[PDB]
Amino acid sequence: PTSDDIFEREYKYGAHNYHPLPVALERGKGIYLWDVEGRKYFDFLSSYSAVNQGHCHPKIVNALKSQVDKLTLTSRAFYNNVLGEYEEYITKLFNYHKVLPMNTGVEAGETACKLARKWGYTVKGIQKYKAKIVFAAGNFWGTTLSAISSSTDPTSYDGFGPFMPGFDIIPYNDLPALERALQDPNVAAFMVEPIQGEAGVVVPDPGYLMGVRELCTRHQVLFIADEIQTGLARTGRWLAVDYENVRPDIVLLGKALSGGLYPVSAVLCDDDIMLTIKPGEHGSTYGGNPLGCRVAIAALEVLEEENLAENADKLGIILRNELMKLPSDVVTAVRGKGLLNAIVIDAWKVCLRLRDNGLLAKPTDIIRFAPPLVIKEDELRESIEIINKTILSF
């Protein structure tokens, strides 16, 4: 089938919850994607930061192909041989006692909210059901009814109420607002992204995450760090929170935890939080399955073995420096850490022409530039010239 045929078939038989950029891909490998006409493209979205390791990374592929012949799903009604090996590996990597395995990023966020409330009631001693969770304006952590209840984007929540109670919102990047909010003794947790991704790569000021950690500790509130997009080398560190040497109470991972080969998400925290949830209190059919666990071990090993944090750091400096040379009259701002970057400009027309010139990006007047972390400098510099050609063609 042709590209238009592909667009039309989805239009007929699939829900219209997305309006994708009109490009139809059939193969991907490393930093590249090819459409059905055979044209090649640089991938500068990385599937919302899930293919940090590049598309179809052979080590992760090999892990999938090995385990799929053995065993793919027991459910957690029984034990399998893989899960505990993955749990020991990942908990030691990030230095938390335990992990709770789930499948999608929003599932990890839901899990963290349950953890926070159960901890609020049974350890902090908040009365049922007065526990509150604080969120930052611009947050994105998924599309469930709980997740849209904390959103400040009307596209997410308008028309879908009534909303989950017990969720408060303050501005991002704002320590006085957090301090004022945590005067309320019924707050159990503050959940926040170290860099807000879907909001448009909003980078907070130096010292913000240090201040969050101090304030949360000072008021005995759990600091939930959502690293589903910012984590796993994307910003030039293992976790973006590492830039300020801050240790959250709960860390969320997803997306690139599998290199894009399987939906695997993780909730990391110590025993004093994790063991508030008892047997039977939190279930998921596929969470912790052995196929996804093998895939995730390999996906994490790739990030470590190939020094992708260091590459993302070095190449991100080059990327932002060159984007800053774009005319201030057309590109109003450049921002990012590592290889999570964006420019401010419409943005859709820009992305259509980037596509024409061989580079795939999507707007979120903001264009995100997030290639896989396995990109090399010469490939990055070639990509930058496509961005320049495109911006300078208007």
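Numbers follow the displayed sequence, beginning with 1.
- Task: Between residue 345 and residue 346, count the deposited residues left without coordinates and pick a bin: none, 1 to 3, 4 to 9, 10 or more.
- Result: In the record, 4 to 9 residues between residue 345 and residue 346 lack coordinates.
- Item | Unresolved deposited residues lying between neighbours residue 364 and residue 365 | Going from residue 364 to residue 365, the model skips 1 to 3 residues of the deposited sequence.
- On average, are the C-alpha B-factors higher in 282 to 290 or in 102 to 110? Stretch with the greater average CA B-factor: 282 to 290.
- Task: Using the B-factors recorded in the PDB entry, average over the C-alpha atoms of 318 to 326 and of 242 to 250, then report which stretch comes out higher.
- Result: Higher of the two, by average CA B-factor, is 318 to 326.
- Tell me, please, which of 66, 341, 46, 53 has the highest C-alpha B factor according to the deposited entry? Max CA B-factor in the entry, restricted to 66, 341, 46, 53: 66.
- Message: Among 29, 355, 337, 40, where is the Cα B factor highest in this entry?
- Response: Result of the comparison over 29, 355, 337, 40: 40.
- Task: Looking at the entry's B-factor column for C-alpha atoms only, identify whether residue 185 ranks in the lowest, middle or highest third of its chain.
- Result: According to the entry, residue 185 has a C-alpha B-factor in the chain's lowest third.
- Query: By the record's CA B-factor, is residue 231 among the lowest, middle or highest third of residues in the chain?
  - Reply: Residue 231: CA B-factor falls in the lowest third of its chain.
- Can you work out whether the C-alpha temperature factor of residue 21 puts it in the lowest, middle or highest third of the chain? It belongs to the middle third of the chain when residues are ordered by C-alpha B-factor.
- Task: Give the position of residue 79 by CA B-factor within its chain, expressed as the lowest, middle or highest third.
- Result: Highest third - that is where residue 79 ends up once the chain's C-alpha B-factors are sorted.
- Task: For residue 150, return the chain-relative third of its C-alpha B-factor as stated in the PDB record: lowest, middle or highest.
- Result: Middle third, going by the recorded CA B-factors of the chain.
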